[PDB]
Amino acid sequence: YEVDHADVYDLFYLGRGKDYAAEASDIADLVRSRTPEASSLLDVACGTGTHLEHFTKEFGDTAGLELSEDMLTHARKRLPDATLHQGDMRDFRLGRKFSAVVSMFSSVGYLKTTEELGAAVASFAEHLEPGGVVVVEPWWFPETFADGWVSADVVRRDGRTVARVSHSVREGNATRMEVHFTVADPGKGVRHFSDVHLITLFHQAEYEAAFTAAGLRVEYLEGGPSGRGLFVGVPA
């Protein structure tokens, strides 16, 4: 019995209560707060495009960047008319600029070293219009990481039930999170799958340094959509 992973991740976070719409909206205001005339936005590592959908309604002129083809395929299925690009946040070149460049849900954490973070932040800066703003939702900091953390949840949405458990342990300067998904569709079957994610624990200062090197004045905001806060940058 087969199941589509990304579709499974999508149903889970929706059922979990993650609210992409509300998230998208708060970010748009955040964006407007620094760039009132904001008129275009780029979602780096947009995944399946849930925030992109809403950002598209907010600013109209939007685009998405994703390293994963599979993420891309799902994004396209959700947004057949969206402008999407395959590429690495590390060094992409889109040949255009945007009022805002944002990266949500800790994607930059998948960057392996400060040199990569810096390069990815520089790239963000490079697609930024004058008076633009960069918003990055980071992964946890070495100082705020909760080692050995276990998450276990059950969601049931649209007739499907999904159980998910993750265990997180620090390894080096990264979080090694192993996730187990259990999926069941009544009268159809039950299926299990797991993923292992390595998310870098950059110190906040490392994050800020990446913004400074890219010529961006940056500020960290506590809280954020997931409790990891948010980094906001603008041309220095």
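The numbering used is simple: start at 1 and walk along the sequence shown.
Stretches compared: 184 to 192, 40 to 48. Higher mean C-alpha B-factor in the entry: 184 to 192. When the C-alpha B-factors of 164 to 172 and 64 to 72 are averaged, 64 to 72 comes out higher. If you compare the C-alpha temperature factors of 35, 56, 200, 204 in the entry, 204 comes out highest. The entry assigns its greatest Cα B factor, within the set 81, 147, 158, 91, to 91. When the CA B factors of the chain's modelled residues are split into thirds, the value for residue 229 lands in the middle one. In the deposited entry, the Cα temperature factor of residue 138 sits in the top third of values across the chain's modelled residues. Among all modelled residues in this chain, the alpha-carbon of residue 30 has a temperature factor (C-alpha) in the highest third. When the CA B factors of the chain's modelled residues are split into thirds, the value for residue 22 lands in the highest one. When the modelled residues of the chain are ordered by their C-alpha B factor, residue 126 lands in the highest third.
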